[PDB]
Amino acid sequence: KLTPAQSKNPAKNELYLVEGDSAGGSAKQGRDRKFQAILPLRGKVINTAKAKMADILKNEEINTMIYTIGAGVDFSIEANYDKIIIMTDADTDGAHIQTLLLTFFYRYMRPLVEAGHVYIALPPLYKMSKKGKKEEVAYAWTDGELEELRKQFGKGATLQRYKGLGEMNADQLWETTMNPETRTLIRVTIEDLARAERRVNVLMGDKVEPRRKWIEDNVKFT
């Protein structure tokens, strides 16, 4: 089940795919309802590289995505949002979920990505604060930015490492990752196609022995 935008406008309408019924709640609360819709995914998304077609279409998450978006899957295209934004935890499992959704969009909704309609959101990894009624807070996304903040807040200031979306309120979610003016998104492009297809199939695919090799070759577990 999906939380709609108040108005229909294929031109400036945002579909947030959120990891968690719970974060989905927060996203619903903190957001411009005039034009952003929310669609939470309950747990891990089906792997559409490794499955049969039957299983895929019978899956609740996939079908609701398909229906809410419109096009289909052939796909057609513009219906029905001008941004499909994947919003998850900045942790390993969130990373896993982006992999799973991108595989889906890549395999079935391919034109969506090509026209640059698929984004990934960047929740802040850090919050800085310095008691009570006069508590001040800043947000940082990177190694460097944090370095910036700590010198500004100097000592006494304590740091939070966000372990997930659940840990932040609704206004915060707005301020840092949802408000078009202040938010920072990544835009997924494909440069080539064949290169992409190979990668997606080695990682997300049924066979394994190749994934293992990919991992031995590329994953540096030091």
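In this text, residue numbers run from 1 along the sequence as written.
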{"property": "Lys34 coordinate gap across at least a third of other entries", "result": "no"}
{"property": "Test item: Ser129 lacks coordinates in at least a third of other entries", "result": "yes"}
{"property": "Residues of the deposited sequence that sit between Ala79 and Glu78 yet are not modelled", "result": "1 to 3"}
{"property": "Extent of unmodelled deposited sequence, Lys131 relative to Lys130", "result": "1 to 3"}
{"property": "Of 152-160 and 57-65, the one with larger mean CA B-factor", "result": "152-160"}
{"property": "Selected stretch [higher average CA B-factor]: 89-97 or 111-119", "result": "111-119"}
{"property": "Which of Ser26, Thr177, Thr189, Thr48 ranks first by CA B-factor in the deposited coordinates", "result": "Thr189"}
{"property": "Identity of residue with top Cα B-factor, from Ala11, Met204, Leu15, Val18", "result": "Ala11"}
{"property": "Record-listed C-alpha B factor of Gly43: chain third", "result": "lowest"}
{"property": "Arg195 - Cα temperature factor, lowest/middle/highest third of chain", "result": "lowest"}
{"property": "Assigned third (lowest, middle, highest) for the C-alpha B factor of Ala5", "result": "highest"}
{"property": "B-factor third for the C-alpha atom of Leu102 within its chain", "result": "middle"}
{"property": "Position of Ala138 among the chain's modelled residues by C-alpha B-factor, lowest, middle or highest third", "result": "highest"}
